[PDB]
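Asker: Take this sequence and fold it.
(6 chains)
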Amino acid sequence: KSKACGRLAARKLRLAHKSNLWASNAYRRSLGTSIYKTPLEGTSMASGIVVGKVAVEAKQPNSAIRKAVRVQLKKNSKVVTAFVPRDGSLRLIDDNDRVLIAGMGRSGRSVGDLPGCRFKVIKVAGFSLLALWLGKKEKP
Amino acid sequence: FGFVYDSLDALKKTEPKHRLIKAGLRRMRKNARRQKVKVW
Amino acid sequence: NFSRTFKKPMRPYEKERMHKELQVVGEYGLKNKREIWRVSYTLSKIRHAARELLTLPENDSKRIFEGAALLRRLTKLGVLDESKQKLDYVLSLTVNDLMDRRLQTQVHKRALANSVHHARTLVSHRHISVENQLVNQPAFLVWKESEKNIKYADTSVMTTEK
Amino acid sequence: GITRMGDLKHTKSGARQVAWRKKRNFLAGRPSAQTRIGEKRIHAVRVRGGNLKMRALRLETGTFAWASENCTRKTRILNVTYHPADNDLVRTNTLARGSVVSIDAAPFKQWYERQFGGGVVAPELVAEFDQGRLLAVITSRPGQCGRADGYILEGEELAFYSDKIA
Amino acid sequence: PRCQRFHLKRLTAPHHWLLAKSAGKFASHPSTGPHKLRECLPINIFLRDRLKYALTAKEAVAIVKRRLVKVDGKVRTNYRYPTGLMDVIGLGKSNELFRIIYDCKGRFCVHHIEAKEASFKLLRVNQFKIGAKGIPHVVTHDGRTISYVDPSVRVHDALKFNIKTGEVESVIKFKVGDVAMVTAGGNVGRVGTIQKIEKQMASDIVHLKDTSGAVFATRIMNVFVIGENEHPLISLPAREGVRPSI
RNA sequence: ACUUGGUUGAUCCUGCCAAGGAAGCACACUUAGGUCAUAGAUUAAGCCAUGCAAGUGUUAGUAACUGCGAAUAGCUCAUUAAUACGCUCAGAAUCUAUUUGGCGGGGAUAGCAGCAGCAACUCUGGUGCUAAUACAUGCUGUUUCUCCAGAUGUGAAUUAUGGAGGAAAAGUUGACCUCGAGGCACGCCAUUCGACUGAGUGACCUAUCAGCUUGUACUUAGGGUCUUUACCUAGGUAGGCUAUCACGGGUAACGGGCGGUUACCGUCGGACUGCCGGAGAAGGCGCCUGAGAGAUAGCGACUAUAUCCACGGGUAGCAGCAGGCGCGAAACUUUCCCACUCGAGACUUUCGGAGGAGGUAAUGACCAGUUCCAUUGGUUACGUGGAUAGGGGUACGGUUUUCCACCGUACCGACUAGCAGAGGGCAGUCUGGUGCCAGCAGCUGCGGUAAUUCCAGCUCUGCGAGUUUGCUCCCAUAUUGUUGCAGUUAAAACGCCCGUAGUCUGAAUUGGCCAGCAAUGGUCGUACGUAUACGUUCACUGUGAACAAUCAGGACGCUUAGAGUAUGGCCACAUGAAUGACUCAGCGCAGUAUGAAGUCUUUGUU
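Answerer: Numbering: from 1, shown residues only, chains lettered A, B, ... in the order given. What follows is the structure:
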């Protein structure tokens, strides 16, 4: 009931299945590709030069300014905002350095309070922020 | 492993050379050798 | 080539499972929680093999060869007695049975070590042997036949050197 | 070079077929012999597995054969009258297989009196023999074989091709 | 495009030979010969991994080149020469005579034998044809072209072959009620008495019987007609192609 | 074979979003020891300095010539959507060096000797000689055409072979080494490793791709080929493929054995995959030599990069092994070695960046330590009491071609833990600082001066030499539904009727009765064709043939384990290296319950 069940009816079932996959959004997103026209370019981590420092603020109800740097990428020569985690840390980054960017960890989309940006800075100058924030490595 | 044979006639000829130097009895060719093609 | 001997548990922070697994480690004197999970995974390959055999017919060529061969290998290990040697009793067995056959615990039963922990120390420090053969490894699995042959290796126990 | 390969050409369904590889010396064609008449010469050709296809370029004589009497004489080929494939083979007098070419038959005439004076012969052939140019077909492959020979044209065949000439 | 290639790998080497997966990548490529790649067994491998005389492969190529070994009357200094099914192996110095022949399971074994038996060998007819002056002649599973062969010598007949002189003394005819060792496929290395022969239209089947009383078929080309009615013309191994079964 | 937080004042739902488990690239913090495996695929099939990778001498061809090799191995995945690959067949339409078995039958150069020319190269000119298993000579077959017969062989050939004729050189003519034996030719047929041609058939998306195809489809004759064919050129017809998806487009597409995830069904990935087959050498294209090449560490030209120049002219193809530049999130030593495995050769000797071993790396797998046993006092873990290690050090014996490291033996001995959290999903309502600010936070939420979520300390928790963090991906998910979802109102039944492709299609045909535990064997019925086998085939079922590693699985104490194919017996012996699955199609016999086809009738069959 509600489908072909008969012995010879395997063309109807196989071909109808191919149609119904295009309703599913995960098959649709993979196949369209559709991913290339992205700043990340489908790469988890990207690097390049800092343009400057920007204050972008949270939506609602959370009143807070977040401090995300603007970063030009190496490979595309695009520009994109990118969050800087931990308190301080904007002071540690320095102007016009190379940084390694990675994703917000939400497999796309925009994460917390913070709209727009989908990116966090993992390293600066080949060191890593956690080491820097903790202060068991140095910058000149 | 080990094996035993009549006379001295075996290990002179049947054995590999690396056991003879051990018991008691360098890329030069690659370089110096191929000059005999480079020079006639 | 290679294989994955232990598997991680499905859900990390269940209270009953963690509270169970401490008093298997405590009784049998054990390093980590992974040294259980290998013995769980060893019990799986016994029982998954056994159940498939059970599904087959009671006369099939596969069951006669495999069923006799499977019970032969477990009578070695000393889990199945000759009372219980009948194939369905393979689907029983616990990790508490299979942990008991290891060398650590067989020293303790022997009492040479004097403690579950002490037994580990004796084997890890090259004191214990199995028929004139030293066993550094604290998880040997002894085959009942050879359980009798557990004894001091030589060193401090026999040699008496400081 | 000139290829014997067929992958590039369209399927039965009429689909634009695509290469996956270079041309290859399994499937090498070569130029035609184009085997005319006058002055004997031959060019030897190496092939797959060593060997020699002796390609004949221009041939004067040919080892022709009266079938019905069992007799076969080395005979001088004069011209191509007809060929069933192409009229271009007639214009330049090309010897191919199936090539209808007249022959002098001086040897055949000699054979008849040296044997006899049995024999009997047909009434179409005596109307030919007074001229001394028999019709005959090349049955060999001049290019591959390097030698050209054929039987005389006789019987129901000799009616048929005579209308195609006239 | 593929050409005739030298370097045989292990893994790709056949499952007859009982090679280690370890002990290097490459196996010894057989030279071209009478027998095929798949059925045969070289004499590089024969002295390494049966009789166990030559421990290294350097030592194996030594003793063939001293000219102790003799394949089938002749000396053979070439080594890695394919030798497979019913070949005699005379060996010089501490001389022993072998005949190469299948196990129960399909594997090769090696068998010390009496010298009067080890003169001759058997040879199945694969292909029969006429050539040169109306004369019939026969190719074998070796590739010995036995010309001026007698009548009653059709395809799938064995020929006893005297080795010192190039003779064909007997001829064991194909029939029902005749013993036959299978030499290919799943039933390779098995004795059977031939109960039925089933003609196959176009491209035929033959049903067999152990002394135990199992039953099994095969393709006709696989059977090698070993001798007439129970008692064969050959010393058979331990177990005699019966194969265990519990 | 598993659930839990999030729409509400609360409820039960639909429903996703998160959490949660695995691997595979990359980033991070941290690190006693051992064995083993892998490591510039993702982007730039982008570019390359230097060193080296294919050569080859036997007691037996004479530095060269001569003979064979260099078409394999190695690397990479850019083309390729089936022509490749796989799996079945097939050659009666073919070629094949080497092995193996049959059958056979004198003159002219190379090194050597000498005279010269270039900025330069592994280029040479010219003369003066001499070699042969090199080259030419020389005491019935091969090739092709015509005719007459057409086997004891095959499912089948006017095939194999025989005889009678003509032709042609495209030719079999041991003109040969080492001391009676070994070795080497020549030709033809087979054989072997293969090669190459043809057939059937399997699988990634796309209808915002419905018509496509002119040698395109058949036929007759030819050319060409190793052969067959529009492979190509002629004459004659006008055909072929397509809703059972043609044709066109896309691919972040080399195919396959297989790998990851799983209760079953499936599903994603497959450069590599420790193997198989294909393709390519900066981009096309062409060709010689040979059994085999459209070779690329062979040649030729053009193009694009690069470089030298004495300004005339040339020189080079690392997607071989190292190494560098560039590219980027992203990947090691310019070492030692022919001993192991094998390969080339004139060959037990030579050579091999194939291969083997070290060295660097938390990438991956298994193993494993950071102590132990006593008993004094504070509430059984928070100065004593003694023990036992290996990390490490130094010899020597094993080990391997040589180091290292391992495995032993003896002597020295009173520095070894992090990472992540502590509202709920899923261990503090501690004390101190901060006051919708800094900040945390996958999700819900926390912070507005009392913070159980921030920033610190203390205690506690998890997992443990590991542990978080990105993106892709499977499970969770019956949220892709064959098994197996849902459509009155939550998203979801064409506005109705006809209707082709498509899928689906009522009953009926040789049984009853007794012994039953079935296989079967008797009785009731005689329905009386072929003239002891023949009287529909399939699908389906059983059975049989056919068709590496991994997966499952047997044997065996590698000290255990992951692994490996072993190994066990003190008197010369016994073994084992199974089996199943891999699996759809194609092939045989046997069984006919179900489901098909078979069955030209205003009169059919012999």
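Asker: Where does residue D:62 fall, secondary structure wise?
Answerer: strand D:61-66 (DSSP states H and E).
Asker: buried sites along stretch D:35-52?
Answerer: Under the neighbour-count criterion of 16 or more other Cβ atoms under 10 Å in any protein chain shown, stretch D:35-52 has D:35, D:36, D:37 buried. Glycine gets a C-beta too; all of them are placed from N, C-alpha and C.
Asker: Spit out the contact partners of the first one.
Answerer: Okay, so that is residue D:35. Residues counted as contacts of residue D:35 (Cβ atoms under 8 Å, 6 or more residues apart in numbering or on different chains) are D:56, D:57, D:58, D:59, D:94, D:95, D:96, D:142, D:143, D:148.
Asker: mind running it again at 10 Å?
Answerer: The contact partners of residue D:35, by Cβ atoms under 10 Å, 6 or more residues apart in numbering or on different chains, come to D:55-59, D:89, D:93-96, D:99, D:138, D:141-143, D:146, D:148.
Asker: Look up how far residue D:11 lies from the residue lying farthest from the centre of chain D.
Answerer: Distance from the C-alpha centroid of chain D, by Cα atoms, centre = their mean, peaks at residue D:20 (39.2 Å). Separation of residue D:20 from residue D:11 (Cβ to Cβ, to the nearest Å): 15 Å.
Asker: Then residue E:238?
Answerer: Taking Cβ to Cβ, one finds residue E:238 at 61 Å from residue D:11.
Asker: cool, and residue C:74?
Answerer: Separation of residue C:74 from residue D:11 (Cβ to Cβ): 63 Å.
Asker: So which of those two has more stuff around it?
Answerer: Set residue C:74 next to residue D:11 and count neighbours by other Cβ atoms under 10 Å in any protein chain shown: residue C:74 wins out with 18 against 8.
Asker: from what I can see, the more buried one looks like it's in a strand, true?
Answerer: No - counting by DSSP: H, G, I helix; E, B strand; the rest coil, residue C:74 is not found in a strand; it is helix.
Asker: That one touches residue C:90, doesn't it?
Answerer: Yes - using Cβ atoms under 10 Å, residue C:74 is in contact with residue C:90, at 6.9 Å.
Asker: Contacts only, for residue C:67.
Answerer: Contacts here follow Cβ under 10 Å, 6+ apart; on that basis residue C:67 touches C:50, C:53, C:54, C:56, C:60, C:86, C:87, C:90.
Asker: quick one: residue C:63 from residue C:83, how far?
Answerer: Plainly put, residue C:63 is 21 Å away from residue C:83 if you go by Cβ to Cβ.
Asker: cool, and residue E:152?
Answerer: Taking Cβ to Cβ, one finds residue E:152 at 69 Å from residue C:83.
Asker: and what of residue E:174?
Answerer: Residue E:174 is 59 Å from residue C:83, where distance means Cβ to Cβ.
Asker: Next, see if the helix or strand in which residue E:128 is found gets close to RNA strand F.
Answerer: Using DSSP H and E, the element containing residue E:128 is strand E:121-130. Yes - contact of strand E:121-130 with RNA strand F (Cβ under 7 Å from any atom of the strand) involves E:127, E:128, E:129, E:130.
Asker: Show me which pair in these is furthest apart.
Answerer: E:127 and E:130 (11.6 Å; Cβ to Cβ).
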